[PDB]
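In the UniProt record's numbering, the protein residues as written are 133 to 193.
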(Lines of atoms letter the chains of each structure in order from A and count residues from 1; the text may use other names and numbers.)
(Lines give C-alpha, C1' and ligand atoms only; values in the text may rest on other atoms or scores of the structure.)
Protein backbone atom coordinates (compact mmCIF):
# COMPACT_ATOMS: atom_id res chain seq x y z
CA UNK A 1 0.00 0.00 0.00
CA UNK A 2 2.59 2.50 1.18
CA UNK A 3 5.42 0.79 -0.67
CA UNK A 4 3.12 0.60 -3.67
CA UNK A 5 2.41 4.31 -3.90
CA UNK A 6 6.07 5.26 -3.64
CA UNK A 7 7.30 2.42 -5.81
CA UNK A 8 4.66 3.75 -8.17
CA UNK A 9 5.91 7.32 -8.32
CA UNK A 10 9.48 6.14 -7.89
CA UNK A 11 9.11 3.97 -10.97
CA UNK A 12 8.02 7.07 -12.85
CA UNK A 13 10.97 8.86 -11.30
CA UNK A 14 11.10 10.29 -7.80
CA UNK A 15 14.27 10.10 -5.76
CA UNK A 16 13.32 11.39 -2.33
CA UNK A 17 13.22 15.17 -2.43
CA UNK A 18 10.34 14.80 -4.86
CA UNK A 19 8.68 12.08 -2.82
CA UNK A 20 8.92 14.30 0.23
CA UNK A 21 7.28 17.05 -1.79
CA UNK A 22 4.64 14.67 -3.09
CA UNK A 23 4.07 12.48 -0.06
CA UNK A 24 5.29 14.93 2.55
CA UNK A 25 8.48 16.34 4.02
CA UNK A 26 9.72 13.07 5.46
CA UNK A 27 12.69 11.89 3.44
CA UNK A 28 13.48 9.96 6.60
CA UNK A 29 10.14 8.18 6.81
CA UNK A 30 10.74 7.12 3.23
CA UNK A 31 14.13 5.72 4.17
CA UNK A 32 12.24 3.23 6.31
CA UNK A 33 9.84 2.48 3.48
CA UNK A 34 12.58 2.25 0.88
CA UNK A 35 14.10 -0.56 2.91
CA UNK A 36 10.80 -2.39 3.19
CA UNK A 37 10.04 -1.68 -0.45
CA UNK A 38 13.19 -3.55 -1.40
CA UNK A 39 12.47 -6.35 1.04
CA UNK A 40 9.12 -6.61 -0.70
CA UNK A 41 10.17 -7.28 -4.28
CA UNK A 42 13.68 -8.15 -3.17
CA UNK A 43 16.08 -5.79 -4.91
CA UNK A 44 18.75 -3.65 -3.29
CA UNK A 45 18.24 0.10 -3.22
CA UNK A 46 15.48 2.47 -4.24
CA UNK A 47 17.49 3.08 -7.39
CA UNK A 48 17.84 -0.59 -8.27
CA UNK A 49 14.32 -1.33 -7.11
CA UNK A 50 13.16 1.72 -9.03
CA UNK A 51 14.15 -0.10 -12.20
CA UNK A 52 12.36 -3.16 -10.89
CA UNK A 53 9.06 -1.31 -10.98
CA UNK A 54 10.13 0.24 -14.26
CA UNK A 55 11.05 -3.02 -15.94
CA UNK A 56 12.71 -1.19 -18.81
CA UNK A 57 16.00 0.34 -17.73
CA UNK A 58 15.94 3.24 -20.16
CA UNK A 59 15.98 6.40 -18.07
CA UNK A 60 14.91 8.66 -20.91
CA UNK A 61 11.72 10.43 -19.91
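All C-beta atoms, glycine included, are put in the ideal place defined by N, C-alpha and C.
Rounded straight-line distance, which links the Cα of residue j to that of residue i
i, j, result
"residue 182", "residue 156", "19 Å"
"residue 141", "residue 165", "13 Å"
"residue 162", "residue 193", "23 Å"
"residue 167", "residue 191", "22 Å"
"residue 136", "residue 179", "15 Å"
Presumed contact (8 Å Cβ cut-off) between residue i and residue j, rounded CB distance
i, j, result
"residue 188", "residue 177", "Not confirmed; about 18 Å, so no contact."
"residue 151", "residue 138", "6 Å"
Residue i - containing alpha helix (DSSP H), residue span
i, result
"residue 175", "Run containing residue 175: none; DSSP gives neither H nor E here."
"residue 149", "149 to 154"
"residue 141", "134 to 143"
Residues near residue i in its chain [Cβ-Cβ closer than 7 Å; skip 5 each side]
i, result
"residue 134", "165"
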